[PDB]
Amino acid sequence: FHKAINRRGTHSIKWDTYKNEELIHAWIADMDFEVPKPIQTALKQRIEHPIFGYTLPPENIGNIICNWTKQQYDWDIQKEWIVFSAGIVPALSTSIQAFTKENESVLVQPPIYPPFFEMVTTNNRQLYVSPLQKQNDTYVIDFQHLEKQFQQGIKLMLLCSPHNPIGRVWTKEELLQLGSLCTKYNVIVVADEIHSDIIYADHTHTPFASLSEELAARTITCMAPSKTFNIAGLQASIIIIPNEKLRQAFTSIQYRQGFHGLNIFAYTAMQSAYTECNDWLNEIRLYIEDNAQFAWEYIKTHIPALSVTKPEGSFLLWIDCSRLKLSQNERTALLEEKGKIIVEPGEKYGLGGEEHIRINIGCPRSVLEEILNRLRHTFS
C-alpha cells in the first residue's frame, strides 16, 4: 500500500473526470490501492475461458458468504437469506418500494451519504431526519429526538453502519437502544453495512440483524466487497434478509425491474474477495487506521482552525471548517484554486454537513502527506 499507482487514463471517475493534471483527487469513495492479487488472478483465469454468456451464481457462493459473516462478525446466517444486487443504492431503492407505499415515511440520520435522501424523495416517500449530535471528536444518536420522529408513524429507517461520512462504528449498546425503538414502534430497518470490513483496532462492527431474532425479523442487511477490496466498478452486492416475507417483497420488486443476477466478474471477484484475501484485509485495516491517526495529528498541530471527527472505520475523514467562517463557494474555490485538491463538500450530506469537508484517506501515506500539506496551504 506504500507505493503510488497512476490511475489517470483508466476511466476512473475519481482521477479522469477533471483534466487539470496538478489537482490531487480525494472526493469519491474508492481507494488508490491495487486490488488483492488473488482477485486479479481469479479474473485472469475466467478470461481464459472465452465464453461470457448468462451465468448463475457459483455453486459454493452461499457457503462462502455464510463462512464470511461467521468469520468476520461471528454472525450465523442461512444461504436462503442471501439476495444479490448490482450495488447498494439499488437495494435502498428496492427496499423503499418493497416496504413502504408512496407518501409513507422514511427516516435517515444526517449528515448522511446523499442517495439515502435522494432515493426517498425521488420515489415520492416522505423524508424524516433525526440529525446526529456532534459531541467532541465524534457523533452520537439523539435517542429522544429519534423517538419523537418514530411517534409520527415512520415505516422504514435507513441505518448507515459504519456511518458515511463521519466514520462512526456503532457500539452494541447503541444498536440495541436503536433496536428497542424499532421494536417499540414496529419500524423496518435497512442496515447499509457496506463499510463493515474496514474497522479500526479498538472497534467492532456488530450487524444490527445479528442482535436478536426480533431484529433479524425486521432488518434488510446490505453488504458488499466493493469498498473493502476496491472492486466497486464490478457491481457485486449481497443483501441478507432473514424474514422470508420481507425477502419475497424485495425479490418481487427486483423481478418487476428486470433484474436477473450479477455480471460474470462480480461473482468471480466476490468468490476470491471472501476466501483468499484475509491477509491483504488485515494489512489494509492497519494501513488505513495509521493514515487516519496521521491525518488527525497533522491537522491538530498545523491547521488548528479545523476540527477533525476521529473515524473508527472506513477510509473517509470528516472535517469541520466552521471557524474559517467561509461560504461553501469561497471554501471550494480556495481548495480548488490555491490547494489544487478536490474533496467532497459537506453541504451535500444534509443537516450537520454545513461548513464540513470529507477527504478520502484510502491512499498511500505519501499522497495523504501531499493532500494535508495542500490543505494547510489552502487555509494559511
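Each residue number is its position in the shown sequence, starting from 1.
Relative to one another, 245-253 and 284-292 have unequal mean CA B-factors, and 284-292 is the one with the higher figure. The PDB entry reports B-factors from which the mean C-alpha value can be compared for 314-322 and 335-343; the larger average falls on 335-343. When the Cα B-factors of 147, 193, 174, 202 are read from the PDB record, 202 comes out highest. When the CA B factors of the chain's modelled residues are split into thirds, the value for residue 79 lands in the highest one. Ranked by C-alpha B-factor against the other modelled residues of its chain, residue 357 falls in the lowest third. For residue 167, the recorded CA temperature factor ranks within the lowest third of the chain's modelled residues. When the modelled residues of the chain are ordered by C-alpha B-factor, residue 153 sits in the middle third. In the PDB entry, residue 111 places in the lowest third of its chain by CA B-factor.
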